[PDB]
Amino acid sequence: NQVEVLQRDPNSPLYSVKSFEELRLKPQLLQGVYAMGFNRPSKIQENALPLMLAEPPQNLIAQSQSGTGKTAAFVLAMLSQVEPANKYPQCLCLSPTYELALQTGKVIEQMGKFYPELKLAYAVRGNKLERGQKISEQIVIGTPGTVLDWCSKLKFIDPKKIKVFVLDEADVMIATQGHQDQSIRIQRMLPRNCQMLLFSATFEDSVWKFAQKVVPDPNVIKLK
């Protein structure tokens, strides 16, 4: 089976992709993808990638069972938009667990390896800082409570400067205490043109209702 395009807004590119080369990525970035052993896009990536890299950017709700496929898809989206020159978070990724966060973190670190000045912060339980300091990293990943804390309670992150926002495993996400409202309150904080990207294996009424609050004007896709 293919991807299903369930809602596609205008100005959102209509083409499938069969090579990472036709995505016209930066060389440093493409080498990164190649180095992890991604020599051609996966089924999901065929459509998700064009949608996520289109100019100007488009929000996406994407049903797919989680796996390296979808993650690398959204990891690539994030890296694509990063500007290592500017030393501050530009990309924000929300994992439902500390363990998932570290795991996805590896993927970022892996795929960004040929990015020399790029560094990645973890907004998780454990990592501490003083309130004076803004963080230097350009990509941040963690669990929503701590991310929320970071953004508004601890002044670590200027939310108004985030251009890509990933919300991973949203089913698992809103099944855990307080995460639903944490995520909503983080997204609220981001600017109009920040790119909203949601991923969930399953989409029950609650989850889908949630997803729509979080991701305006979305592209909706589902695999198999």
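The first residue of the shown sequence is 1; numbering continues from there.
Undergrad: According to the deposited model, is the average Cα temperature factor higher in 140-148 or in 111-119?
TA: The entry gives the higher C-alpha B-factor average to 111-119.
Undergrad: Averaging the C-alpha B factors as listed in the entry, name the stretch that ends up higher: 149-157 or 70-78.
TA: Comparing 149-157 with 70-78, the higher mean C-alpha B-factor belongs to 149-157.
Undergrad: Divide the modelled residues of the chain into thirds by Cα B-factor and specify which third, lowest, middle or highest, holds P57.
TA: Highest third, going by the recorded CA B-factors of the chain.
Undergrad: What third of the chain does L25 rank in for C-alpha temperature factor, lowest, middle or highest?
TA: It belongs to the lowest third of the chain when residues are ordered by C-alpha B-factor.
Undergrad: So where's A211 on the chain's Cα temperature factor ranking, which third?
TA: Middle third of the chain for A211's C-alpha B-factor.
Undergrad: Would you mind ranking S12 by its C-alpha B-factor against the rest of the chain and naming the third, lowest, middle or highest?
TA: Its C-alpha B-factor, which the entry lists for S12, ranks in the highest third among residues of this chain.
Undergrad: Can you tell me which third, lowest, middle or highest, the CA B-factor of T202 falls into for its chain?
TA: Highest third - that is where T202 ends up once the chain's C-alpha B-factors are sorted.
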